[PDB]
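As structure tokens, the next two blocks hold two forms of the same chain, structure 1 and structure 2.
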Structure 1
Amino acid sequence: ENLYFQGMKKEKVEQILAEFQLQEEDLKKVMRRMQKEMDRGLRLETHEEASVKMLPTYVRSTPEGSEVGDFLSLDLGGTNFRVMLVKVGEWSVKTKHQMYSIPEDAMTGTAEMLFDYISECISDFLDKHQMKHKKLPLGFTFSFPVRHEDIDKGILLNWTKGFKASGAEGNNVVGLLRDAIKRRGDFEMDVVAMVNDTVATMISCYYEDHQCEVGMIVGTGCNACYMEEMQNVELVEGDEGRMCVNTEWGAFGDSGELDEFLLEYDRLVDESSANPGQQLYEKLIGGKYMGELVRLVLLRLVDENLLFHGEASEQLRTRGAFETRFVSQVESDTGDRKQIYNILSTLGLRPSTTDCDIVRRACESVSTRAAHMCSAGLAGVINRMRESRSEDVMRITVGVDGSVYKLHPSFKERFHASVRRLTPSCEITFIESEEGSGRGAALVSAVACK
């Protein structure tokens, strides 16, 4: 209750939190470095060495012919596994849907276990809606880096976001799925398309706004896709029209590009992750890591005797116990500290009013940096598109999905303002996808099956 000492503690906390600050000049440097890696990823000469893969998706502008009817859309990679029945006409409407929690033994076991579980979920969905005998074209949203040979054929480059199933990396993902369906043998599907989640988001948003040519995810992980000129897509023969490119920007920094900005907290999260040294840019933004970064900031403040009387509870010293959703909930607190108190009390802590305020500042520090780093990536893509299109003023729509962008109380606002400062002569409209994956994957499958 000594207000002079409370102020001195908050001042020391501010000196430590200041490390998270990124000036406009730092963001421009990250943006330019991102653009240099994007150029590298698209070229035949430097693609293999590029950290940002810029993977061709085989999704094109003006696809021509499209089929109508019932489509099954799958989604693996986000939160849980989703199966959706989509009706495509003229339009595209989600008619039926089911989500399945993936057992930990299937995300880190064998690819056979994972794909067997996926096939079991498909069998369950078809029974709940009496359609197992019906052979529908299937579209698969698969949220991982894939080197495509075509819309329905592509190899998994590597798992990300903690996935580790053996026997998948280097294999045709559509083949892994088709093989698992065949081993079960209680239904038949024509797997016609595979798309990244950024791609499915862009397409579902494009359906509502034809100026949408960028898709971005800020959920468990962070990535973006955009419509590139075919002349710039050196990995695909042809120079007419546009093709969607999956940047896989989460791997920016994997070649040392973010070294000067990485803090001790980033090094610890990276070292304890399933993929050390990989997805470094994603680890600064994604919901799989955000809460954990705050947890490590709190432990440093506990160690400096600036928080919780210099004592950390068993829960606070537990990996993953400071959930990303707590970061959003802390920053939603009205000022009375009730929401912050609840989270901290549940974590086995006995927080003071000052402890609550410090935890809020730690959350703001990590989430603001996530918003700012993300903004440099999106600004790099948009600025590159304006330049490639020889546009004086580019008016574009960005379709977005993911829990961090959608649910965090201020990330969106901080992110938009920073993107806008970095994108002179661009008019950017941001739209949130409404059941993004399913509709997007079905529209792609409708074209793919002729």
Structure 2
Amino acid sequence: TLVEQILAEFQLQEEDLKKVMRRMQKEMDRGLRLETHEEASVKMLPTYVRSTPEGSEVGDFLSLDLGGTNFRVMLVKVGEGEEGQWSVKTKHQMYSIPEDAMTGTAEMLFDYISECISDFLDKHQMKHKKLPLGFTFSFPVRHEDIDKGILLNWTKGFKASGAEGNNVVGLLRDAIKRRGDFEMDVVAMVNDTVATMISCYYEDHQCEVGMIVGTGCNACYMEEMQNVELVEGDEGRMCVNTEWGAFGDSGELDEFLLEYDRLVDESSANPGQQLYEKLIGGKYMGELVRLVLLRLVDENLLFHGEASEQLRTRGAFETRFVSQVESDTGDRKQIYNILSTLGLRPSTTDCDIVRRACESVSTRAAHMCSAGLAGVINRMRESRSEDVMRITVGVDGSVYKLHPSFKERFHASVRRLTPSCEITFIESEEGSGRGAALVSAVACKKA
């Protein structure tokens, strides 16, 4: 139990969650106010996706999706249901970002994207078409409108120079026009949360929140227009992109941050930023385990003191490993093969120890996440006048989807924190591509 004291350092009492939930609600209120929006850690960026204005055009839309390591392009067919609209990916391609598309300028990257966009249309015998473009761009943006907004600053590792501070929809067309090959109506730009929330909404009208727990972690919700001070008008409702991943950036979380958190921060491409996300996101989960495993080896408590050449390099313990280790049936084969691949020869108890480290890190990720969701939901509840508020959350993300137990721990906690709420979780089917497209089909009955 010399180990079980090290890992206990991940535990969070319900009291700790309530504190975090209340602080989230607090920074969310600050982000929405004129006086404090500028230094707010939780920017609460308005998205200009508005309460059903009702004006949808059917037809085929192209959808981009930059935000992961695998940039995507797809075509989607929007139509007209009894509900509202139907949608469906019809054809689709994925392309790696090189690395010279990172390190260099943004234009390079958008030219690379432009290449792929064309490459897609080549291979689809459609290069001779003019389609409305939906763009899911999963980074923080200050929107002037549904189709104009600036990159506040890259997260999740992306480092492309000269992209910060600029019209992202600008840099895009900028590069689409340096092609001539094709013409695109870049109608609409959305965050992944919103994309997802929109597509879930068309499945379920109760969906007023969108959540992503994958490489990164973030959320978006339907706000009352009179509370979005950064937008003129008091009638209706606008979806607001919280950007809660940067909760803790003004120190809100210092009492919770562990050494493993401090070390992950310093070494990251975004030091001092996105602190909350760095407790949850799958860009960081495995790195936290690596770090936890290492302390255990220096304390001579695991791997019989010694450590692999690989275990000792940043980004070696992939998040998917956390996941696999937790799906091990007990026979340890699964834990062994990951560790052996890494260059280790664990024993029965090493395996068990690596298991415990994983569960400590992902259980905390889940709990910490549940507090933010509970923050958002309980805030919303203050604007709902009915004994039992029924809300629906749309969710996407590898960590949420693929990890053997996150979903379950996550739900139970969220529910403990949200009295008088009946919550529904719905997982977005292709909901990003469809999301950007469905948002386009509406903003197109405008441009």
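Quick note, the numbers are simply positions in structure 1, starting from 1. Between two forms, the rigid core is defined as the largest C-alpha subset superposing within 1.5 Å.
After superposition on the rigid core, the C-alpha displacement between the two structures reaches 2 Å or more for just one residue among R389, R32, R420, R43, namely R389. Taking the core as reference, the Cα of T354 moves 0.2 angstrom between the two structures.
On a core-based overlay, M107 has a Cα shift of 2.5 Å between the two structures.
On core superposition, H133 has its C-alpha offset by 1.3 angstrom between the two structures.
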